[PDB]
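The next block holds one structure in the form of structure tokens; read it before the comments.
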Amino acid sequence: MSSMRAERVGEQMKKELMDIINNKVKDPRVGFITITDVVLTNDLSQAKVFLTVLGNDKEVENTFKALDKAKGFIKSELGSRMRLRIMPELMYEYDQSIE
């Protein structure tokens with residue numbers, strides 16, 4: 001479940017998503033939102049977006065809801081930055097790997 005195409009598109013989405021989310025979606029009263037990786041399926045139909053977010057357990061959960069609420073806005077801004085015709089479905093995941 002990782003062709004070279006999928007890895008390359010994921011690096012572009014990582015960069016584009018971090019910009020979109022931090023400069024246009026995020027409440028200024030919360031810290032930066034770090035995207036550590038974007039992992040796509042080979043047909044690019046799904047993207048798992050791994051995240052580092054700052055705060056307590058409820059600030060983490062408040063942040064996930066804001067991003068889910070903004071999914072239409074985020075796919076649209078992403079689609080306007082990439083020749084890709086149909087956007088993947090975006091799934092926001094906490095990055096367990098990091099303590």
Side-chain angles (χ1 to χ4, degrees):
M1 201 80 279
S2 204
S3 62
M4 268 317 297
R5 176 181 305 110
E7 296 192 21
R8 292 183 173 175
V9 173
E11 280 293 309
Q12 298 172 37
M13 286 190 177
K14 180 190 332 200
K15 177 203 165 319
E16 293 312 331
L17 279 184
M18 252 198 295
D19 184 13
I20 288 156
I21 291 168
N22 284 287
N23 297 328
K24 312 193 175 190
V25 183
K26 192 180 64 68
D27 196 307
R29 286 164 302 177
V30 308
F32 200 82
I33 294 174
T34 296
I35 300 190
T36 63
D37 272 310
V38 177
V39 169
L40 291 103
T41 57
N42 290 357
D43 65 8
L44 309 185
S45 72
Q46 292 169 32
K48 179 157 288 170
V49 178
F50 289 104
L51 281 187
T52 283
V53 71
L54 315 170
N56 44 72
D57 279 358
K58 193 190 306 174
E59 272 161 321
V60 175
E61 269 311 278
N62 274 51
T63 285
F64 279 110
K65 303 214 172 309
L67 303 168
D68 284 337
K69 221 196 298 177
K71 281 210 49 183
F73 178 70
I74 293 173
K75 292 207 231 293
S76 167
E77 294 277 322
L78 194 61
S80 93
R81 298 190 186 187
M82 301 189 326
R83 278 244 178 107
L84 199 70
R85 281 178 94 218
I86 268 56
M87 285 299 103
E89 183 86 76
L90 298 183
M91 306 173 297
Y92 295 98
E93 178 56 272
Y94 193 88
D95 191 334
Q96 271 295 326
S97 167
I98 309 180
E99 307 178 359

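Along the sequence shown, residues are numbered consecutively beginning with 1.
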| For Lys75, which residues count as a side-chain hydrogen bond (donor to acceptor under 3.5 Å, both in side chains) partner, sequence neighbours excluded? | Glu89

| request: Before giving the answer on side-chain contact (heavy atoms from CB on, under 4.5 Å), spell out for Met13 and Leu84 the whole-Å C-alpha distance, their side-chain angles and the decisive distance to 0.1 Å. | output: CA-CA 11 Å; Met13 286 190 177; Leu84 199 70; 3.9 Å; yes

| field | salt bridge (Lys or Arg N to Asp or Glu O under 4.0 Å) partners of residues 43-59, not counting sequence neighbours, each pair once | value | none

| query | By salt bridge (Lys or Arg N to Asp or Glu O under 4.0 Å), which residues pair with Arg29, not counting sequence neighbours? | reply | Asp27

| When rounded to the nearest 0.5 angstrom, what is the spacing between CG in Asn22 and CG in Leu17? | 10.5 Å

| task | Output all residues satisfying side-chain hydrogen bond (donor to acceptor under 3.5 Å, both in side chains) with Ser76, sequence neighbours left out; order by chain, then residue number. | result | none

| remark: dist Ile98:CD1 -> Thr52:OG1 (nearest 0.5 Å) comes out at 4.0 Å

| said: So, using side chain to side chain contact (heavy atoms under 4.5 Å, CB included) as the criterion, who are the partners of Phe64 when residues are at least two apart? | reply: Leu51, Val60, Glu61, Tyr92, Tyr94

| message | Under 4.5 Å side-chain heavy-atom separation, chaining through any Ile, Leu, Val, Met, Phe, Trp or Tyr, what else clusters with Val39? Say none if it is isolated. | response | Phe50

| Taking only residues two or more places apart in sequence, or in another chain, which ones meet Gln46 in a side chain to side chain contact (heavy atoms under 4.5 Å, CB included)? | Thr41, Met91

| field | Distance in Å, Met4 CE paired with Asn42 CG, rounded so as to fall on 0.5 Å steps | value | 11.5 Å

| Any residue meeting side-chain hydrogen bond (donor to acceptor under 3.5 Å, both in side chains) with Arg81, in chain and number order, not counting sequence neighbours | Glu16, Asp19

| Residues which pass salt bridge (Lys or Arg N to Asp or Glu O under 4.0 Å) with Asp95, listed by chain and number, not counting sequence neighbours | none

| said: Please find the pair of heavy atoms, one from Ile74 and one from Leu67, that lie closest to each other, and give the distance. | reply: CD1-O, 4.0 Å

| message | To the nearest 0.5 Å, what is the distance between CZ on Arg8 and CG on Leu40? | response | 14.5 Å

| Hydrophobic cluster identity match, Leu90 and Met82, side-chain contacts under 4.5 Å | yes

| query | Between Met18 and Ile33, what is the shortest heavy-atom contact and its length? | reply | CG-O, 3.9 Å

| Non-hydrogen atoms of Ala70 and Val25 that approach each other most closely | CB-CG1, 3.6 Å

| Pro88 and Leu44: which non-hydrogen atoms are nearest, and at how many Å? | CB-O, 3.2 Å

| said: Grouping I, L, V, M, F, W and Y whenever their side-chain heavy atoms are under 4.5 Å apart, do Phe32 and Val30 come out in a common cluster? | reply: no

| If you look only at pairs with a residue in residues 31-42, which of them pass as a salt bridge (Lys or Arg N to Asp or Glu O under 4.0 Å), with sequence neighbours excluded? | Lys14-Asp37

| task | Check side-chain hydrogen bond (donor to acceptor under 3.5 Å, both in side chains) between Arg85 and all other residues, then give those that pass, not counting sequence neighbours. | result | none

| task | Kindly check if the number of other-residue, nucleotide or ligand heavy atoms within 6.0 Å of NZ (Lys69) is above 12? | result | no

| task | Could you pull out all residues at least two apart from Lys24 that satisfy salt bridge (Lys or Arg N to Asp or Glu O under 4.0 Å)? | result | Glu77

